[PDB]
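Residue numbers (this note's numbering), protein chains in the order written: chain X, 323 to 1122; chain G, 388 to 697.
The beta-carbon is built from N, C-alpha and C at its ideal position, and this holds for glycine as well.
Written out below as structure tokens is the structure these notes cover.
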Amino acid sequence: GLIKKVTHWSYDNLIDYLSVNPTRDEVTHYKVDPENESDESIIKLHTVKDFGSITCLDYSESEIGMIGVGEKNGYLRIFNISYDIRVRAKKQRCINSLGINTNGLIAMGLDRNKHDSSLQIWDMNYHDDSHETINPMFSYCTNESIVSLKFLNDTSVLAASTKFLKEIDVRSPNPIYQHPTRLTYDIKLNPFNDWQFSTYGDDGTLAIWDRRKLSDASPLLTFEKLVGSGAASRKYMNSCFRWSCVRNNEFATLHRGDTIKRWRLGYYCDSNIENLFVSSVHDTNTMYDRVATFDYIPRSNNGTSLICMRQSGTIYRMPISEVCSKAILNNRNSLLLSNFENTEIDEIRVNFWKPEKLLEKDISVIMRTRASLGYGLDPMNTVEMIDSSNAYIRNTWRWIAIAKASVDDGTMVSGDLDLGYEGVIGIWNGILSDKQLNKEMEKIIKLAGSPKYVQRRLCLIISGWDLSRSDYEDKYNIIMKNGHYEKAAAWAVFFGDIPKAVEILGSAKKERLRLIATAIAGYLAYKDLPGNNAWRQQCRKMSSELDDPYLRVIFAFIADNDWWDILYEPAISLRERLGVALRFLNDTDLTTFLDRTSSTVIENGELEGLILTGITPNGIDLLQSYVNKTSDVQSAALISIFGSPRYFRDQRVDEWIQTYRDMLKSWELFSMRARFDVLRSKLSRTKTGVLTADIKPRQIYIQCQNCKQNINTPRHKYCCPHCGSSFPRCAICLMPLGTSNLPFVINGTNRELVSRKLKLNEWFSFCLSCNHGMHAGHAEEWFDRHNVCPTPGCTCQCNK
Amino acid sequence: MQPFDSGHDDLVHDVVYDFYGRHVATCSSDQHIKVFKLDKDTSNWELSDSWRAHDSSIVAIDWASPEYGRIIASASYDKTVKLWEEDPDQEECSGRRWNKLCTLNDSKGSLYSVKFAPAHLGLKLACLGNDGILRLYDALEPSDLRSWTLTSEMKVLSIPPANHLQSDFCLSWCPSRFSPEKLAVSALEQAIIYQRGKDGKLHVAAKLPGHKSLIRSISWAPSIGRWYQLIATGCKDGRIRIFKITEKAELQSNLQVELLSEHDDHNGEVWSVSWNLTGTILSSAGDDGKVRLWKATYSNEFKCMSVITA
Ligand SMILES: [Zn+2]
Ligand SMILES: [Zn+2]
Ligand SMILES: [Zn+2]
Ligand SMILES: [Zn+2]
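Structural data, given as structure tokens:
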């Protein structure tokens, strides 16, 4: 089997091919359309069948159709497919190789004969047609056995014998070089670099050569046992190694009839001979097994397809898949795909899951959208942002808003104990004395039925549930106006006013809600009848089957009256569960409920547990579990800055802050980074007033002109503290720098914005490459017409 | 999917984003580097500059930190690392928009991977070639960014591979300012974590087990704030190994490595593996022609969510 690619014939996009059947009896001319990957693109055109045993084949580039075919008996046949002459040597012997040059010169490789030349080069136009024998123009390599040859140029031929490798020019009777090597078999010139050819040997050892190294002699590469062995014994060998006609420094090797290894080479110049080494090998499994020989098919956009001949002689076409070589992810969740075959790069922007859906629902783009929308700066604004476009984040920011308003109103910070952003667990569980903490809690409250009533009042203050009847009516009106009638009825039952809940839910629109209120109405008399009587049964079933969590709560409380079925499911607000566990519960079971819920939320990592834990080290542990669950470092940092460096110091909070700042820089949200920094500075004010935030250090230490010392070791006039001398003057007006209320208006290149620009233009500004100072408006007005520093004797383009 | 032609005449080898995610640098075997900017108005990738860089095929490029300026490293097979600084006073698509700074003619072998250290470690470099020598280049003199000094020279491989045998190398730094300096270095079949000791020299810290075949890609996940680090590795086998690292002679902290997962979904060779900004989405390419996206579940097990055929 021999598949030989033939060029310079077709004028259309089709690529011609020549094939020899595995029984070595016919030569078939094909025509392959590369743009169509179907197996019907191979078109069989002609078949010459009068052949004994083909050993070699060659084609003519200049004249279309002229194909030479060698044979083991010794008959070389030159004919057309798209005349017919049979030729042979003077002494008949087997033909191993064959070459047709561009100018019609024909070479021939024969076996070893002691009285004849094995490299006969002759032209067919000066050949006597009355004789089968050939009279050669040039005779070389007497008493030798040439096994493979290839025409390099219009005059030079590269011939390989059984023990030598030669390049013989027809213009000189002395060969150019003779390098003794045993890897002298089928020569395939590189189509992109004629100085490189690759042969193999009897042991299967492939070798890629350079002619210049042999000219001057080691091979450029050597692969041990890459191709089939037994090259001397068998004269009918399939071609399992091919150079690449689609790109440079590449070759395909077919192994065991199943896989094709596309070796890609790398080159470096020792400084013009490029030393070679193997970079990457790509394995492609064939469509059908038992492939003996194969060849390339060049397609458009640097594509690759392979035409292969099986051991049964069936010839098919197989494409090469586009294997992705690089899949990188952006900070905006954008995927960029690079191929191993073509040049184009594929991009999936954010604009089994769909990839766009997964990258749009990822927490990285969620955090980017929230940071661009302004998340975390004001908790009321976060609540409005969440409501305007999951819900547990709203519930855990409502508590942050409540505690921050309480601290900023001075309600909690009074007394000797700060107790800002404190947790319900820490407050109700106690911990310099019990009497001292009781009396300071009493003085906080002054602003029972239980041994600890002041602790309950502190817990209601922290939870934001210290409300009166008018406050509850106002909350009912607010929730009714917001449209969550189910939540309004749930809150009415949480307070314990079931006729009020019936009145609220019945005065709605939706008939479904009116029916629900009608069902709830039942309880207003079904209170003294403890017994299964269907109504409770149907209500339990409906509490199981309804979808709304507040209605589930309202039915589970109405039927089989028990507070514990309300405050254990996670479908409702933890603040509401604390509100019903603080208003109607005994202190013996409240401790058990608080311990169970705290030990739940700390290991679960829910943000709603900040009700119980506060901004404490236990809160930092809760936020750490939340980060380990979700990678929501944005919410972790924006919650942590509400009292982590103000009250303690842990490395995890600083890590989250630095990570969020780096992410904000990566999204180019520098304004939001600055707002985060000023919020961190503002929320680090202690009870005394000492700032605890690690602020950015100073970058300017102006040296005084007179005293020659540091001025930083006056809101409108800055002077040196050591001697009183003012700042260096401007280079445009020779007025001192750093002082406002200048006797002129620096009108440098909505009147409030204009006034801000006019008052901003009179600030300090200096070049950092020549150290010359200007006013901001002076520099803006001066650099719009000049490109040199205004100080005399300075050559520094301060603009760019 | 919107494909845009990069314009190279040969195979595009490495593509890297910048820190801000609006610039991509593409190297190729046509001895060219191209930088593409993402236009804000047209929302299409457009070319910024395209200049010839090396005398051989470029295989790895990296952007520097944006607080040190705009510097692109370039490691090619001609045993050179070239550092390229942008001077904005040149016309676009001209070849003079990116000025050459320094050539690192110390590598005796064809360089495979180049990486910048994070910005808190200084303006550092990390080079690796088939000589098996890991080199760290700093930038000590701040006046000129052309005097780059070799400081750390650690040998990863005992002898270089022969030319006929293939090889692959990859590097990954530690994106953590709150952890000591670490470096994930991938040899032929080995993955070594190198840590900076108290003596100022790198030392062998930990080794990732497994890896019966060639390692094609290594990637250290960003530490979003968790207590465990993640290294993703794509081998010549079908395995996307994710290693979970917990950090606690002459080393500031000893570290333990436990294999978190091992996935054979690609059925081939995992050519590239990467991470997201937050370490939640992994991306892995393989010989199946499909790029898989992996996200961790509730039980800390990574499960595939999307498959993108090409
Ligand atoms: Zn002074
Ligand atoms: Zn001035
Ligand atoms: Zn000046
Ligand atoms: Zn200047």
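Three Cβ pairs or more, each shorter than 8 Å: is that satisfied between the region 409 to 426 of chain X and the region 368 to 380 of chain X?
yes
Can you name the residues that DSSP bridges to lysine 510 of chain X?
Your numbering for residue 510 of chain X matches position 188 in the first sequence. Answer is X/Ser520.
Examine ligand 3 and report whether any of its heavy atoms sits within less than 7 Å of the Cβ of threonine 665 of chain X.
Walking along the first sequence from the start, residue 665 of chain X turns up at place 343. False, no ligand heavy atom lies under 7 Å from that Cβ.
When the Cβ atoms of the region 1069 to 1086 of chain X are set against those of the region 1096 to 1110 of chain X, are three or more pairs found closer than 8 Å?
yes
Work out the CA separation of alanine 619 of chain G and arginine 995 of chain X for me, nearest whole Å.
Position 673 of the first sequence, counting from 1, holds the residue named residue 995 of chain X. Position 232 of the second sequence, counting from 1, holds the residue named residue 619 of chain G. Each residue's alpha carbon lies about 30 Å from the other.
By the criterion of Cβ-Cβ separation under 7 Å, what are the contact partners of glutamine 389 of chain G in chain X?
Counted from its first residue, the second sequence places residue 389 of chain G at position 2. Correct list: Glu669.
By how many angstroms is the C-alpha of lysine 676 of chain X removed from the C-alpha of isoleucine 642 of chain X?
Position 320 of the first sequence holds residue 642 of chain X. Position 354 of the first sequence holds residue 676 of chain X. The straight-line gap from Cα to Cα measures roughly 26 Å.
Along chain X, which residues have their Cβ under 7 Å away from the Cβ of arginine 613 of chain G?
For this step, residue 613 of chain G is matched to residue 226 along the second sequence. Residues of chain X passing the Cβ test: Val949, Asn950.
Round the Cβ separation of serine 430 of chain G and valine 446 of chain G to the nearest angstrom and send it over; I've been treating them as touching at under 8 Å.
The residue labelled residue 430 of chain G in the question sits at position 43 within the second sequence. The residue labelled residue 446 of chain G in the question sits at position 59 within the second sequence. The Cβ separation is near 30 Å, so there is no contact.
Between G/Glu540, G/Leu544, G/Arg613, which lies nearest to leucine 944 of chain X when the distance is taken from Cα to Cα?
Residue 944 of chain X sits at position 622 when you count from the first residue of the first sequence. Taking only the C-alpha atoms, the option nearest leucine 944 of chain X is G/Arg613.
Who pairs with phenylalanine 563 of chain X in a beta bridge, going by DSSP?
Here residue 563 of chain X is taken as the residue at index 241 of the first sequence, counted from 1. DSSP lists X/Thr575 as partners of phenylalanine 563 of chain X.
Going by C-alpha to C-alpha distance, which of X/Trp565, X/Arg564, X/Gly550 sits closest to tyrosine 558 of chain X?
Walking along the first sequence from the start, residue 558 of chain X turns up at place 236. Comparing Cα-Cα distances from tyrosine 558 of chain X to each of X/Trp565, X/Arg564, X/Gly550, the minimum goes to X/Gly550.
Can you list the beta strand (DSSP E) stretches of 3 or more residues lying completely in the region 557 to 634 of chain G, in chain order?
557 to 560, 569 to 573, 578 to 583, 589 to 594, 602 to 607, 615 to 622, 627 to 634
Distance cutoff 8 Å, beta carbons only. Does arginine 983 of chain X sit that close to anything in chain G?
Against the first sequence, residue 983 of chain X aligns to sequence position 661. No, its Cβ sits nowhere closer than 8 Å to a Cβ of chain G.
Let me check understanding here. Comparing Cα to Cα, which of X/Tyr948, X/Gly901, X/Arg1007 lies closest to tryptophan 978 of chain X?
For the purposes of this step, residue 978 of chain X is identified with residue 656 of the first sequence, where counting begins at 1. Minimum Cα distance to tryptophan 978 of chain X is reached at X/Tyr948.
Just how far apart, CA to CA, sit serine 660 of chain X and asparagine 940 of chain X?
Within the first sequence, residue 660 of chain X is the residue found at index 338, counting from 1. Within the first sequence, residue 940 of chain X is the residue found at index 618, counting from 1. Their Cα atoms are separated by approximately 47 Å.
Any heavy atom of ligand 2 inside 7 Å of the beta-carbon of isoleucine 1054 of chain X?
Here the question's residue 1054 of chain X lines up with position 732 in the first sequence. Checking every heavy atom of ligand 2 against the Cβ of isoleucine 1054 of chain X, one is found closer than 7 Å.
Considering only heavy atoms of ligand 3, does any lie closer than 7 Å to the CB of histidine 1100 of chain X?
Walking along the first sequence from the start, residue 1100 of chain X turns up at place 778. No, the Cβ of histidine 1100 of chain X stays beyond 7 Å of every heavy atom of ligand 3.
Please list, in chain order, the chain G residues whose beta carbon lies closer than 7 Å to that of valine 955 of chain X.
Looking up residue 955 of chain X in the first sequence gives position 633. Residues of chain G passing the Cβ test: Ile611, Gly612.
Please output, in chain order, the residues near ligand 1 using a CB cut-off of less than 6 Å to any non-hydrogen atom of the ligand.
X/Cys1026, X/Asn1028, X/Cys1029, X/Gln1031, X/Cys1042, X/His1044, X/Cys1045, X/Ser1047
Does the beta carbon of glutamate 977 of chain X come closer than 8 Å to any beta carbon on chain G?
Residue 977 of chain X sits at position 655 when you count from the first residue of the first sequence. So yes, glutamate 977 of chain X belongs to the interface.
Which residues of chain X have a Cβ atom closer than 8 Å to the Cβ of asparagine 492 of chain G, listed in chain order?
Translated into the one-based positions of the second sequence, residue 492 of chain G becomes position 105. The contacting residues do not exist; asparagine 492 of chain G stays about 12 Å from chain X at best.
Check the Cβ of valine 402 of chain G against every Cβ in chain X and list those closer than 8 Å, keeping chain order.
For this step, residue 402 of chain G is matched to residue 15 along the second sequence. Residues of chain X passing the Cβ test: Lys648, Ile650, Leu658, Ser660, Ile667.
Which runs of the beta strand (DSSP E) fall wholly inside the region 423 to 499 of chain X and span at least 3 residues, in chain order?
427 to 432, 439 to 445, 460 to 464, 468 to 473, 478 to 483, 487 to 491
Rounded to the nearest angstrom, what separates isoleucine 595 of chain X and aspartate 426 of chain G at their Cα positions?
Sequence index remark: in the first sequence, residue 595 of chain X carries index 273 (1-based). Sequence index remark: in the second sequence, residue 426 of chain G carries index 39 (1-based). About 43 Å.
In chain X, which residues lie with their C-beta within 8 Å of the C-beta of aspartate 465 of chain G?
Taking the second sequence and counting its residues from 1, one reaches residue 465 of chain G at position 78. The contacting residues are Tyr590, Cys591.
Report all residues for which the CB-ligand distance to some heavy atom of ligand 3 is below 6 Å; order them along the chain.
X/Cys1089, X/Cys1092, X/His1094, X/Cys1111, X/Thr1113, X/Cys1116, X/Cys1118
Where does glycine 737 of chain X sit, in a helix, a strand or coil, going by DSSP?
Position 415 of the first sequence holds residue 737 of chain X. Three-state result, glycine 737 of chain X: coil.
Roughly how many whole angstroms lie between the Cα atoms of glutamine 442 of chain X and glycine 431 of chain X?
Locating residue 442 of chain X in the first sequence gives position 120, where the first residue counts as 1. Locating residue 431 of chain X in the first sequence gives position 109, where the first residue counts as 1. When rounded, the distance between both Cα atoms is 7 Å.
Between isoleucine 838 of chain X and the rest of its own chain, which residues show a CB-CB distance below 7 Å, the 5 nearest in sequence each way excluded?
Sequence index remark: in the first sequence, residue 838 of chain X carries index 516 (1-based). Excluding residues within five positions, the ones whose Cβ falls inside 7 Å are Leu827, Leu873.
DSSP state of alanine 462 of chain G, grouped into three classes?
On the second sequence, residue 462 of chain G is found 75 positions in, with the first residue counted as 1. Strand at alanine 462 of chain G.
Just mark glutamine 860 of chain X as buried or exposed, buried being the case when its beta carbon has 16 or more other beta carbons within 10 Å.
As a first step, residue 860 of chain X must be located in the first sequence, where it is residue number 538. With fewer than 16 other Cβ atoms within 10 Å, it is exposed.
Are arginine 654 of chain X and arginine 690 of chain X close, meaning C-beta to C-beta below 8 Å?
In the first sequence, residue 654 of chain X corresponds to position 332, counting from 1. In the first sequence, residue 690 of chain X corresponds to position 368, counting from 1. It is a contact, given that the beta carbons lie within the stated cut-off.
When you compare the CB of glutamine 616 of chain G with every CB in chain X, is at least one pair closer than 8 Å?
Start at 1 with the first residue of the second sequence, and residue 616 of chain G comes out as number 229. No, no contact with chain X.
Which value, in whole angstroms, describes the spacing of the CA atoms of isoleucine 637 of chain X and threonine 608 of chain X?
Residue mapping note: residue 637 of chain X aligns to position 315 of the first sequence, counting from 1. Residue mapping note: residue 608 of chain X aligns to position 286 of the first sequence, counting from 1. Their backbone Cα atoms lie some 13 Å apart in a straight line.
To the nearest whole angstrom, what separates the beta carbons of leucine 598 of chain X and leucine 543 of chain X, a pair I think is in contact under 8 Å?
Taking the first residue of the first sequence as position 1, residue 598 of chain X is located at position 276. Taking the first residue of the first sequence as position 1, residue 543 of chain X is located at position 221. Yes, they are in contact, since the Cβ atoms of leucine 598 of chain X and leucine 543 of chain X sit about 5 Å apart, within 8 Å.
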